[PDB]
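Trainee: Provided hereafter are the protein sequence and its experimental coordinates.
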Amino acid sequence: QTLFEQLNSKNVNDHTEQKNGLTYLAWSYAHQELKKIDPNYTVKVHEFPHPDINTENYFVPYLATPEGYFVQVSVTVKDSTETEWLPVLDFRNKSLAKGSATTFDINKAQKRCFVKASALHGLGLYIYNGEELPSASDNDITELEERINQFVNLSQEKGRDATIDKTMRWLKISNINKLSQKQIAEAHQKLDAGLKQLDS
Amino acid sequence: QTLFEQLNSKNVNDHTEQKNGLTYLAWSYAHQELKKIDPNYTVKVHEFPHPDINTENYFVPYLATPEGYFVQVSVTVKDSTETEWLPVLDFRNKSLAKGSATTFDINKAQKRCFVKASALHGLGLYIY
Amino acid sequence: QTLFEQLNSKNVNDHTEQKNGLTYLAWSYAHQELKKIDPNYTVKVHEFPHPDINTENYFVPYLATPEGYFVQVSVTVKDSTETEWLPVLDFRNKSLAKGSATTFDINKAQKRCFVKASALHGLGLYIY
Amino acid sequence: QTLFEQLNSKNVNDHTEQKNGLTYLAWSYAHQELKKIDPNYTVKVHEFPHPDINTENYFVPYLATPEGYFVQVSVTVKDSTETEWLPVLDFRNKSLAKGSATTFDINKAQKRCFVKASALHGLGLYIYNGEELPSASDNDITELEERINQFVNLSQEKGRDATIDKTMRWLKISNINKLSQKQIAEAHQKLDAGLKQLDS
Amino acid sequence: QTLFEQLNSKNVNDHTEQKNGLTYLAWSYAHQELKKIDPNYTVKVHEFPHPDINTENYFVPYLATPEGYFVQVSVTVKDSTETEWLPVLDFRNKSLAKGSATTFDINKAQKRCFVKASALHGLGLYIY
């Protein structure tokens, strides 16, 4: 057959850890599988001149930016080669600003970028299927906007006048972005009662 | 036939996520199709000297500007090659001014620019 | 016939969006048609040294000026090649002064300049 | 067969030390096993120009960064070669900031990175079993977050307003991230008192 | 057989000192054993430009760092060659900060790194 199909058709579900509600496959499992497929394969962690230090011949193994921190890993399995970028994140999967990261945070990110680079080849690609690309955790923020506009538009459709800002005041929400899933679910409850009852 | 028509005539609707009311195909589906069609294909994320740092030999993987942030991805499927530009945004379609972005936002934008670059080839163009 | 006539005699009316009272053809449609007429065609977004930063080897993908912002796109369909300039504009079609633009504004302008560059070839010229 | 399978199929469990609840195989054992497999093999510790000093021809054996400290070890067993990144950590497995490390910390890190580099080859591959992905200490500290949120929510369910920062003020913890394990137990005692009697 | 197995299968327990509850084999014994195995071997103590002094052509025999002090020893027994890193420690096995070490501390560290470098070869690995 081919490397991607062979590697893609494997179950890496047994060797996974559920931390923060995400699925992670161990690097050691990944190291073994590839080693079996190819006895001689290369893993290279890119090194980039660190900005603040700016010392000649000095190349730390990770990007350092005011915006944050980046890592890069290039896995060459057989002839095929490929690379992956990753964001350094807290144990709560939150970003780390310049000067708040620890070496331990960088090594964990380096190991995670390795399995992600392996995921490019068929092995365990389904581990990142539909979770890595989009914002899986929250999709009601916009839904809330549609439902407040439905309220406003229905209110105008009925009579008098209706405005989104006064509707937001019902929810008493300072910022739509700054709204907890728990509060937004409570918000839906407020709106559905105003709109659904007059619909049903 | 041809690569565009073959790739264009596929249904990527099943593997889509509705976030902010927009339809997105997961990079995993795009990556697997590119591998099947072509076993050896290249994805390259362009690196540009970051402005503020201005350190010699210092190349971050994304554009940093007072106006905002840009990413670039070049996908070479078979002989054909192509590139896509993307802004770095919030989870919602909102811009990130200079100094308000996180490394995670840049990563998500990089992955999204990949599927968009794949969308240039026939696969899932109707979504994008 | 001729490439301009072959592309000029098409109806892109169905794939259009009426925003602000103007008619726009989506890039998805424009990009696919260029592939349909030519499997291998090139789209290049010009990069110009950003003024304020003035960092060596630093090239942003759009012009930055005190007067405002400019983008450029060069579409090579078959042998024919051509380029289009456009001003980056707000969602109300108003100008953006230096330091008031967001990366998202630039990417939207880049996509719009693409279809306008395609409009130079026969496809959808009547709209633009 | 092949080097990875032969090396992978070994029991290094007997020669291990349980410190901090993690499993480590001693370098002495790793040095002999490889030596048997290959009489002539090379271990190289990379040297990088130290930033602050910035003296010409001055190369320390470890990375020094404001973010922290990094070490690198390249083990060439037979034809195969490979490299490992390890973050210098306290005896409590915590990060060390720039200017808080001691040469002893670096040498211990260097030895540990060696066995991890050996682990890339089949020997010692399973001992970690992705030991990096589960910290095994953050989850305990994370439970405190679940229990303070339980106290905030159940308080808000009682109808008495509670905020996480004021609930944290009960524990008087400056950084919920860094708290001694005895203090986590002491904090749990505070929370479980005010929370369990309602739960019951 | 082979050098590691021959050297590994020896009892260096008799020539050891119990200081601080640790076991150390004296260098004198290590120098003789290797000399017997190989009449012509080499011991090299690496020299690194000392930071603070920063005098041209000035090379001290040990690393000096704000974090602390490092030594290096490379033992070439027969064809085989190898190197060891030892951190300078107090008589209580505690670290010495920059400016608190004495030349005596460095020489003791250098001798100890030698036996550890010898320990890489089969001789007395069980102790180290």
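Mentor: Yep, that arrived. Numbering: from 1, shown residues only, chains lettered A, B, ... in the order given.

Trainee: Please name the nearest non-neighbouring residue to the residue of chain A at minimum distance from chain D.
Mentor: Using Cβ to the nearest Cβ, the single residue of chain A nearest to chain D is residue A:26, 2.5 Å away. Bear in mind the C-beta positions are built from the backbone N, C-alpha and C, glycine included. Nearest residue to residue A:26, sequence neighbours excluded (Cβ to Cβ, 6 or more residues apart in numbering or on different chains): residue D:130, at 2.5 Å.

Trainee: For that neighbour, list the residues it contacts.
Mentor: Shown in contact with residue D:130 (Cβ atoms under 8 Å, 6 or more residues apart in numbering or on different chains): A:15, A:17, A:24-29.

Trainee: Contact partners for the residue of chain A closest to chain D?
Mentor: Going by Cβ under 8 Å, 6+ apart, residue A:26 touches A:15-17, A:115, D:129-130, D:133.

Trainee: quick one: which of the residues you listed is nearest to chain B?
Mentor: residue A:115 (13.8 Å).

Trainee: ok, and the closest one, which helix or strand is that part of?
Mentor: Element membership of residue A:115, judged by DSSP states H and E, is helix A:103-120.

Trainee: Say whether chain C is contacted by the very next helix or strand once past that helix.
Mentor: Counting by DSSP H and E, the element after helix A:103-120 in chain order, helix or strand, is helix A:140-158. No: using Cβ under 8 Å from any Cβ of the partner chain, helix A:140-158 stays clear of chain C, coming no nearer than 15.8 Å.

Trainee: Tell me the helix or strand right after helix A:140-158.
Mentor: Using DSSP H and E, the first helix or strand after helix A:140-158 is helix A:164-171.

Trainee: Name the residues that touch that following helix?
Mentor: Against helix A:164-171 from outside (Cβ under 8 Å, 6+ apart): A:144, A:148-149, A:151-152, A:155, A:176, A:187, A:190-191, A:194.

Trainee: In the next helix or strand after that helix, which residues are buried?
Mentor: Next in sequence after helix A:164-171, counting helices and strands by DSSP H and E, comes helix A:181-199. The neighbour-count check on helix A:181-199 (16 or more other Cβ atoms under 10 Å in any protein chain shown) flags A:184, A:187, A:190-191, A:194-195 as buried.

Trainee: if we can go back for a sec, of the contacts of residue A:26, grab the buried ones for ChimeraX.
Mentor: This is how ChimeraX selects the buried members of these, with burial counted by 16+ other Cβ under 10 Å:
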select /A:15,16,115 /D:130,133
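
Trainee: what's the most distant pair in the contacts of residue A:26?
Mentor: Pairwise distances across those (Cβ to Cβ) peak at 13.5 Å, for the pair A:115 and D:129.

Trainee: so who does residue A:102 touch?
Mentor: Residue A:102 makes contact with D:67-68, D:87, D:95, D:97 under the criterion Cβ under 8 Å, 6+ apart.

Trainee: Can you give the strand pairings for the one helix or strand residue A:24 maps to, parallel or anti for each?
Mentor: Element membership of residue A:24 [criterion: DSSP H and E] is strand A:22-25. Strand A:22-25 sits in its sheet next to strand A:16-19 (antiparallel), going by DSSP bridges.

Trainee: Check the offset of the helix holding residue A:115 from the chain's centre.
Mentor: Taking the mean of its C-alpha atoms, helix A:103-120 sits 14 Å from the chain's own mean (Cα atoms, centre = their mean, to the nearest Å).

Trainee: Show me what it is packed up against.
Mentor: strand A:22-25, helix A:27-37, strand A:42-45, strand A:69-77, strand A:80-87, strand D:69-77, strand D:80-87 (3 or more Cβ pairs under 8 Å, 6 or more residues apart in numbering or on different chains; DSSP states H and E).

Trainee: would CSV of these with mean neighbour count be doable?
Mentor: As requested, the helices and strands packed on helix A:103-120 are exported to CSV (neighbours: other Cβ atoms under 10 Å in any protein chain shown):
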stretch, mean neighbour count
strand A:22-25, 19
helix A:27-37, 21
strand A:42-45, 16
strand A:69-77, 22
strand A:80-87, 20
strand D:69-77, 22
strand D:80-87, 20
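
Trainee: Please convert the ones you listed to TSV, extending it with distance to residue D:40.
Mentor: Output for the helices and strands packed on helix A:103-120, formatted as TSV (distance: least, Cβ to Cβ, whole Å):
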stretch	distance to residue D:40
strand A:22-25	35
helix A:27-37	22
strand A:42-45	22
strand A:69-77	26
strand A:80-87	30
strand D:69-77	10
strand D:80-87	13
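
Trainee: what's the closest of these to residue A:55?
Mentor: When those are compared by Cβ to Cβ, strand D:69-77 sits nearest residue A:55, at 14.7 Å.

Trainee: check contacts around the residue nearest the centre of chain A.
Mentor: Nearest to the centroid of the C-alpha atoms of chain A, with distances taken as Cα atoms, centre = their mean, sits residue A:132, at 4.9 Å. Contact analysis of residue A:132 by Cβ under 8 Å, 6+ apart lists B:26-28, B:111.

Trainee: Now with 7 Å, please.
Mentor: By Cβ atoms under 7 Å, 6 or more residues apart in numbering or on different chains, the contact set of residue A:132 is B:27, B:111.

Trainee: Same question for residue A:99.
Mentor: For residue A:99, the contact set (Cβ under 7 Å, 6+ apart) comprises residue D:66.

Trainee: Let's verify it: helix, strand, or coil?
Mentor: What DSSP: H, G, I helix; E, B strand; the rest coil gives for residue A:99 is coil.

Trainee: gap between it and chain B?
Mentor: 14 Å (Cβ to the nearest Cβ, to the nearest Å).

Trainee: same question, residue A:97
Mentor: Applying Cβ to the nearest Cβ, the value for residue A:97 to chain B is 8 Å.

Trainee: what's the distance between that residue and chain C?
Mentor: Counting by Cβ to the nearest Cβ - residue A:97 and chain C are separated by 20 Å.

Trainee: For that residue, grab the count of nearby residues.
Mentor: For residue A:97, the count of nearby residues is 13 (other Cβ atoms under 10 Å in any protein chain shown).

Trainee: So it is in contact with residue A:68, correct?
Mentor: Yes: if you go by Cβ atoms under 7 Å, residue A:97 and residue A:68 touch, sitting 6.3 Å apart.

Trainee: Chain neighbours aside, what residue packs nearest to residue A:148?
Mentor: residue A:167 (4.6 Å).

Trainee: What is the burial count for that neighbour?
Mentor: With other Cβ under 10 Å as criterion, residue A:167 counts 20.

Trainee: filter the contacts of residue A:102 by proximity to chain A?
Mentor: Restricting those to those within reach of chain A (Cβ under 7 Å from any Cβ of the partner chain) leaves D:67-68, D:87, D:95.
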